[PDB]
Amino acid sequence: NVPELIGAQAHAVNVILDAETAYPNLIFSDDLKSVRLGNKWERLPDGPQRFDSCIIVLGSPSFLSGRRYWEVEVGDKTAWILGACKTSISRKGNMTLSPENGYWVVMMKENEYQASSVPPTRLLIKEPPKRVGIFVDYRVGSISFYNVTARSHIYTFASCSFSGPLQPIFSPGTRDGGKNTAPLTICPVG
C-alpha cells in the first residue's frame, strides 16, 4: 500500500544538499537546505566529481533500507526536478532520467508536470504544488510523490526493485528569463 501523506510524513528524514558534486553555477544556502541557479559568473570551485551538463544536485543521506520521507518547497517556480536516484548515476552526461537509468523523479517544465517514466507520464494537477513530498519505501520498492499544498498524491513508481543505495536528487531548473530564479528549499514537515 502507498500511504496517505500523513502516513508518509511519519517517516520524515533530514536531507541536506551535497554542494561538492553540484552543477557549478549552483548557489547554496549556508545550511545546505536551499539551492538556486546563479549566473555564468557565479561558480563553485572546479572538480571532476560535478555534474557538467545537467543542472543537478544530489542530497544526503544515501540510504539502502527502510522508509524515508522528505519535503521540498518549490513555490511559484516554473521548472524543477525532484526525486531520488541510485548513488551510482553518471554525472558526466549519460542521463536520460529514467527508472532503468536509476532515476525516479517528477519534473515541472513549460507549465506541465511529468513523472519521468519512459515515456514520461504527464500529470493532471489541478492545484499547483508549492511543496512536494517524496516518500521512499525501500523494501516494497515504491517511491511516491505528494502535493503537500493540496495534501494529495501525485504519482507512485511501484515495483522499482531497488538495490544498493539511493539518494535524493534535485534540480532548480533554468532561470527562465527571470521567472525561475527562486531556490528549491528542503523544509521540515510542519
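One-based numbering along the sequence shown.
According to the PDB record, 96-104 carries the higher mean C-alpha B-factor of the two stretches 68-76 and 96-104. Comparing 86-94 with 106-114, the stretch with the higher mean C-alpha B-factor in the PDB entry is 86-94. Comparing the listed residues 165, 128, 141, 38, the entry records the largest Cα B-factor for 38.
Sorting the modelled residues of the chain by their CA temperature factor places residue 8 in the lowest third. Among all modelled residues in this chain, the alpha-carbon of residue 187 has a temperature factor (C-alpha) in the middle third. Among the modelled residues of the chain, residue 53 sits in the highest third by CA temperature factor in this PDB entry. Split the chain's modelled residues into thirds by C-alpha temperature factor. Residue 174 is in the highest one. For residue 44, the recorded CA temperature factor ranks within the highest third of the chain's modelled residues.
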